[PDB]
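Colleague: Residue numbers (the entry's author numbering), protein chains in the order written: chain X, 1 to 65; chain L, 20 to 70, 89 to 141, 164 to 196; chain E, 1120 to 1176, 1187 to 1243, 1254 to 1286; chain Y, 540 to 668, 678 to 715, 722 to 784; chain Z, 246 to 335, 345 to 437, 446 to 490; chain D, 834 to 882; chain A, 2 to 120; chain P, 784 to 839; chain H, 672 to 727.
One structure coming up, written as structure tokens, with questions to follow.
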Amino acid sequence: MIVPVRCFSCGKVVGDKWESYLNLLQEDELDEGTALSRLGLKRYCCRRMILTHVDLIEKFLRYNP
Amino acid sequence: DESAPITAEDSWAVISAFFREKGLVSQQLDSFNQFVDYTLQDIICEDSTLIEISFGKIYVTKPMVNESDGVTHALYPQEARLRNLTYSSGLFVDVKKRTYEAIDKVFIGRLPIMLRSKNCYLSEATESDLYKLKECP
Amino acid sequence: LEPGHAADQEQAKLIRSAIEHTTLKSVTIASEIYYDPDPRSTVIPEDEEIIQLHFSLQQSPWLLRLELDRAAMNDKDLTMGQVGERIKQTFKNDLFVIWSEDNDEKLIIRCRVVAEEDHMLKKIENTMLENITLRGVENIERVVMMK
Amino acid sequence: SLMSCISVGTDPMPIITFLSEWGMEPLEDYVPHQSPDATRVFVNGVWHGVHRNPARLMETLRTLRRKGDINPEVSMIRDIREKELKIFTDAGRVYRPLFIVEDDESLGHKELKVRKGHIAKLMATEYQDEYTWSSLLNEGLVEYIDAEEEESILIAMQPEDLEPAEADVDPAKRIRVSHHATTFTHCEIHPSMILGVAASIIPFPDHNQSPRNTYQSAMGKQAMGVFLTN
Amino acid sequence: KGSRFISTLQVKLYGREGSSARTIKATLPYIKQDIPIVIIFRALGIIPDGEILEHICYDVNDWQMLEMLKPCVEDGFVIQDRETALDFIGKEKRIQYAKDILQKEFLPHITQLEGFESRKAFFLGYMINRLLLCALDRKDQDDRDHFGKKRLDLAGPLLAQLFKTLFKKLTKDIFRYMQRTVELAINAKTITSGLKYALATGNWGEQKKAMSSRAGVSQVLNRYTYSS
Amino acid sequence: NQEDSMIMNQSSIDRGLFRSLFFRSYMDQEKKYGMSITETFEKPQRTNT
Amino acid sequence: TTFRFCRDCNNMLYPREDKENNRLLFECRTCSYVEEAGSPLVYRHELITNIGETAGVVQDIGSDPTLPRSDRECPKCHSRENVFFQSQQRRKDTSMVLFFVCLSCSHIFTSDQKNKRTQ
Amino acid sequence: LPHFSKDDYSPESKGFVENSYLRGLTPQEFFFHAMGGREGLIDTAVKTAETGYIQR
Amino acid sequence: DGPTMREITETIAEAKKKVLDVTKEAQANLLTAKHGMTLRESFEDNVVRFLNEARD
DNA sequence: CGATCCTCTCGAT
RNA sequence: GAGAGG
Ligand SMILES: [Zn+2]
Ligand SMILES: [Zn+2]
Ligand SMILES: [Zn+2]
């Protein structure tokens, strides 16, 4: 269920980084740790935000209504 | 080599094979499917016959709804859950009206169906069909 | 123990055997019924030496023969003479008891009844094992020495 | 537990017929003093007859269950010392799968029947999401065991770490005893399978005082998430 | 399969450890007293002591066990044939009643049919053997906590109980309707609501509740998290 | 945070940490029986009520 | 004890003394059969029992995968292939003693240093 | 356990946890600890309803 | 410490040998039971002490 | 005739 | 009645 805007712990904006992260993983065929670092997600509080996120919205958008 | 012994990591391939085949609720499904496929016919053929009304083959329809001032149609679990209906199939048996002569088909009722069992719509449903039926894959 | 006298490890062992309930069942390996018709001539070759004695300082051809455990007899403060004289002071005249010495390799007690005899002996053996107090106090099953 | 199943029920009648056909004196014709070393044969608590060479009968019975000729959920227990063969086809028996261990090249000298080749086929089928769980079962590489049969078998806990050979250590690593028994018939698929749904969520429960794992098992059911996508 | 008559047979060893003359008596359904084992064997057609003891003791050199059974042989001495053995149990009409119990009530698994006696006598002897093995301190008391000896009943077996019950009621309702036709009307609602009631409530005993079948079979299904 | 209490960060709560939706369904039907007697779903006023 | 049956009846033979010749005879009470006793031992109790210690020693014993295997040498053949167990006598006051079965002989040997044995 | 041979009175065989919670417990050790653990929860559950009745 | 662990490891192996020696002794019929208790009870009591000693 | 306390929620008659 | 909380 959709990328949180901002890291809970520090407040760093993370909601603009999801699509770029998926691309870094798929298109550039990079590993999660270097993908996170390329996004400028240096601290572990910001890293858990994205790496740990589960995008259920995709599943939800599948329901026909 | 193909004949080389398996290591400890290799156990998860086997564990994935199991589950990919069984899932996590196999006991539930296996028991019910056995009841429908074998047990049901056996109960019907026990003391059955009378003084002469015999009971032949039993049939289990897919789950349907008998609508008050309406026709009978396919009942899917999401419609059952929302409309407070019982997701059940109709039981129909072959009844012979044998009449003595020298010595000397029929609706039985509705059997509640276990979700994701053989008689349940969802058992053969694809991922796209589940979302279409408002059911979680 | 007695106020003296309570440091005496020996006096404790003595009071233990004096109070711990000991029956015949607790000392016996096996009991047997043989047909030894001649009272002064054994059919059992082991017993020969016992019959040589027990004549100085009528019966039954049926022998009730008990074998006792050397270790159990030593765990309890028992001697054959004690076990024997205790069997003797039960049936008194209606049973005849002979026994092997305390040094004598295998511990044996030989009994005889002083028509319809065969059953009576099997009945006596029951009373012998189950209903005879060798030493000790009734209800006191196990006694342990503790410092 | 994660991999345990319950027996559904099978008609015992074909087994009974097979037993009378593959040896087995009927009870009516049994005379003990002239068959002193005979195994008593029980099918669902019913003593049907006796058998002289239960070793051959037992080899036949197991081979068939491994081919699928006898239903994999049927349990056959041989008590060598008690001179008894017990077979159960009835429902309600909680069973679990185990890898089969067998002699290879030299009579000694056991090896799991599953080899890397089988694992490759399993994973080929995984990537196309051909070789399924039923393939392992029908080829007799894996097999179902209930508590009654568990009594007659010797299970290794790990494939490698329980059966390669003997001829330094990590101080950090936990202490593991050894082979100390090498007459294995079976091997655990994976010991973590002794656990059920809730406890399977706990990280490192092997590093926790046991009641804490029981406590977590309760609370995991009180934790909100996304119960269903719909 | 086919009904579910649960008769429990008890083979009891009378006399305490240390009490001479320890007898073995068995319990039969619908039979007042306990029958001394030798009398059961004779009622089954196994007459000679040697044959009766062969059916119990499976090794000739086990004098220990044969000495255990000597008081039984003595307890049965007065009965020396099948007719009198059946007679002892439970006129004439009583002999039949006794024969009937042995086929119908005694060991209903095995078989409930006529000619099987040898099967039942061997099994009866297997139970005595098992009893003596423990009584002789060669075997441990049976562990009533062993999972192998326990069966877990699921949806299938549970519905099969109800569907048997409800289908017999339907069968009974039809016979009554047929009886009234002294000069098509099948109550479908019977099954439909019967099955619904049991699954709707915990009550797994057909609107009665009297039996602890109510226990909590069928619960409203946990949906807090996916794991629950 | 003693005897099993805990200190949670308000700022991270403001950003959504451990925030949850809660749903509750309320049910009703028009009667159980009555050939002519039927309950009605409506906004009730006076009518002696 | 070791008991006999009527050659014809298959019923237990009950004892009977001669008295005149002082001899033990076994008589059948279903008919007129009478044989002499082979031994005077008419009864045996046994409270400290050795019987059933070694029980379950079947030729197929070695094929039991659950039975442990020692490094012991069989005193008879000198085979180091054996299976072992503690007393099968399921009694509280039983000895911790081990019984080995040579998987090549069928020979039963014990770990016991005190007692001998005759089996 | 069916991973042991018959008549095995060794520490590991009868429930001796050699390892520490830090090192981690083996499956055999894990099961045996769970067995010991359960006896505690069972009597906790009893030594509450029983003591409550005493107290009354 | 690495050294403490080594010492702990050896503390347990010596306890493991005490239990073996006592076992081997029990199996040889050399172990005599004290008045009031079984040979097997005596053994179990010894094994548990060695094992508790080791943990302590 | 006994079989902890108190607290909650749910469904069904 | 069941499920739960300390
Ligand atoms: Zn951050
Ligand atoms: Zn005769
Ligand atoms: Zn040898």
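Quick reminder that beta carbons are idealized off the backbone N, C-alpha and C, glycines included.
1. Just to check, is the beta-carbon of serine 35 (chain L) closer than 7 angstroms to a non-hydrogen atom of ligand 4?
2. Quick one: measure Cβ to Cβ for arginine 1241 (chain E) and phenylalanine 1225 (chain E), integer angstroms, because I've assumed they're closer than 8 angstroms.
3. Beta-carbon within less than 6 angstroms of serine 176 (chain L)'s beta-carbon, same chain only, minus the 5 sequence neighbours each way: which residues are those?
4. State yes or no: is the C-beta of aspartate 9 (chain A) nearer than 7 angstroms to some heavy atom of ligand 2?
5. Determine the chain Z residues that contact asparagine 116 (chain A) at a beta-carbon separation under 9 angstroms, and present them in chain order.
6. Taking the beta strand (DSSP E) that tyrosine 634 (chain Y) belongs to, which residues open and close that run?
7. Taking DSSP as the reference, what is the three-state secondary structure of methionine 381 (chain Z)?
8. Based on Cα-Cα distance, which residue from Y:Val582, Y:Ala715, Y:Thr736 and Y:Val731 lies nearest to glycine 647 (chain Y)?
9. Can you give me the C-alpha to C-alpha distance between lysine 42 (chain X) and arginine 6 (chain X), rounded to a whole angstrom?
10. Between Y:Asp629, Y:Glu564, Y:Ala577 and Y:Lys652, which has its C-alpha nearest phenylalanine 738 (chain Y)'s C-alpha?
11. Is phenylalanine 8 (chain X) close to chain D? Criterion is C-beta to C-beta, closer than 8 angstroms.
12. Anyone know if the C-beta pair for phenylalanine 360 (chain Z) and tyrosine 569 (chain Y) falls short of 8 angstroms?
13. Compile a chain-ordered list of the residues in the stretch 166-195 of chain L whose CB is closer than 7 angstroms to at least one CB of chain Z.
14. Ignore the nearest five residues each way along the sequence and tell me which others in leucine 174 (chain L)'s own chain have a CB closer than 8 angstroms to its CB.
15. Cα separation between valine 547 (chain Y) and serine 540 (chain Y)?
16. From the beta carbon of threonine 680 (chain H), is the nearest beta carbon of chain A less than 8 angstroms away?
17. What runs of the beta strand (DSSP E), each 3 residues or longer, lie entirely inside the stretch 360-413 of chain Z?
18. What I want to know is whether the C-beta of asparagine 306 (chain Z) ends up closer than 7 angstroms to one or more non-hydrogen atoms of ligand 2.
19. Consider the C-beta atom of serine 9 (chain X) and the heavy atoms of ligand 1; say whether any pair is separated by less than 7 angstroms.
20. Would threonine 58 (chain L) and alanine 409 (chain Z) be called neighbours here (beta carbons separated by less than 8 angstroms)?
21. Is the beta carbon of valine 55 (chain L) closer than 8 angstroms to that of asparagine 178 (chain L)?
22. Flag this pair as touching only if the stretch 545-565 of chain Y and the stretch 591-606 of chain Y have three or more C-beta atom pairs under 8 angstroms; answer yes or no.
23. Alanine 630 (chain Y): which of Z:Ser475, Z:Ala472 and Z:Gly402 sits nearest, CA to CA?
24. For a contact meaning CB atoms closer than 8 angstroms, what does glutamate 698 (chain Y) contact in chain P?
25. Under the three-state reduction of DSSP, which class applies to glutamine 357 (chain Z): helix, strand or coil?
26. In chain order, what residues of the same chain lie with their CB nearer than 6 angstroms to the CB of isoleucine 619 (chain Y), ignoring the 5 residues before and after it?
27. Any idea what DSSP makes of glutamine 120 (chain A), helix, strand or coil?
28. Under 7 angstroms from any heavy atom of ligand 2, does the C-beta of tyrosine 34 (chain A) make it?
29. Give me the Cα-Cα distance between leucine 1192 (chain E) and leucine 331 (chain Z), rounded to the nearest whole angstrom.
30. Taking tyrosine 63 (chain X) as the query, report the chain L residues whose CB atoms sit under 8 angstroms from its CB, ordered along the chain.
31. With which residues is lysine 625 (chain Y) paired in a DSSP beta bridge?
32. For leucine 1268 (chain E), I'd like the list of residues in its chain whose CB is within less than 6 angstroms of its CB, leaving aside the five on either flank, ordered along the chain.
33. Give a yes or no on whether 8 angstroms exceeds the smallest Cβ distance from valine 305 (chain Z) to chain Y.
34. Note down, in chain order, all residues in the stretch 751-775 of chain Y with a beta-carbon under 7 angstroms from any beta-carbon belonging to chain Z.
35. Show which residues of chain X have a CB atom less than 7 angstroms away from the CB atom of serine 845 (chain D).
36. Got a sec: is the Cβ-Cβ distance from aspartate 66 (chain L) to anything in chain Y below 8 angstroms?
Modeller: According to the structure shown:
1. Among the ligands in the structure shown, ligand 4 does not appear; only ligand 1, ligand 2 and ligand 3 can be found there.
2. 4 angstroms between Cβ atoms; contact.
3. Contacts found: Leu48, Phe51 and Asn52.
4. If you check the C-beta of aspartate 9 (chain A) against ligand 2, you find a heavy atom less than 7 angstroms away.
5. Correct list: empty, because the minimum Cβ distance to chain Z is about 19 angstroms.
6. Counting along the chain, the unbroken beta strand (DSSP E) around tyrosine 634 (chain Y) starts and ends at 633-643.
7. Helix.
8. The shortest C-alpha separation from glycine 647 (chain Y) is found at Y:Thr736.
9. Approximately 14 angstroms, taken between the alpha carbons.
10. Looking at the Cα atoms, Y:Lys652 is the closest of the given residues.
11. Using beta-carbon distances, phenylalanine 8 (chain X) counts as an interface residue toward chain D, with a partner under 8 angstroms.
12. No. Outside cutoff.
13. Going along the stretch 166-195 of chain L in chain order, one finds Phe166, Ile167, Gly168, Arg169, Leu170, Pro171 and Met173 with a Cβ nearer than 7 angstroms to chain Z.
14. Exclusion of the five residues before and after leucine 174 (chain L) leaves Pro114, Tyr124 and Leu181 as the residues of its chain whose Cβ lies within less than 8 angstroms of its Cβ.
15. Rounded to whole angstroms, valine 547 (chain Y) to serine 540 (chain Y) spans 18 angstroms at the Cα level.
16. Closer than 8 angstroms: no.
17. For the stretch 360-413 of chain Z, not a single whole beta strand (DSSP E) run of length 3 or above is found.
18. Relative to ligand 2, even the nearest heavy atom lies 7 angstroms or more away from the CB of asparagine 306 (chain Z).
19. The answer is yes for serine 9 (chain X).
20. The answer is no: Cβ separation not under 8 angstroms.
21. When the beta-carbon positions are compared, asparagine 178 (chain L) and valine 55 (chain L) come within less than 8 angstroms of each other.
22. At 8 angstroms Cβ cutoff, the stretches touch.
23. Measuring from the Cα of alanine 630 (chain Y), the nearest candidate turns out to be Z:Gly402.
24. In chain order, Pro785 make up the part of chain P whose C-beta sits under 8 angstroms from the C-beta of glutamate 698 (chain Y).
25. Under the three-state reduction of DSSP output, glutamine 357 (chain Z) falls in the helix class.
26. Annotation for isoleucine 619 (chain Y): no residue places its beta carbon closer than 6 angstroms to its own, counting only its chain and skipping 5 residues before and after.
27. Coil at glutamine 120 (chain A), not helix or strand.
28. Yes, the beta carbon of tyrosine 34 (chain A) sits closer than 7 angstroms to at least one heavy atom of ligand 2.
29. The C-alpha of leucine 1192 (chain E) lies about 41 angstroms from the C-alpha of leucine 331 (chain Z).
30. Those within 8 angstroms of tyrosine 63 (chain X) in chain L are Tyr190 and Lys193.
31. Assignment of beta-bridge partners to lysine 625 (chain Y) by DSSP yields Y:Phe581 and Y:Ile616.
32. Contacts found: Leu1143 and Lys1144.
33. Cβ-Cβ to chain Y under 8 angstroms: yes for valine 305 (chain Z).
34. Here the close residues are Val751, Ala752, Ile755, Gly774 and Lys775.
35. Close to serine 845 (chain D), with beta-carbon spacing below 7 angstroms, are these residues of chain X in chain order: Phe8 and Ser9.
36. No, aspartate 66 (chain L) lies away from the interface with chain Y (no Cβ there is under 8 angstroms from its Cβ).
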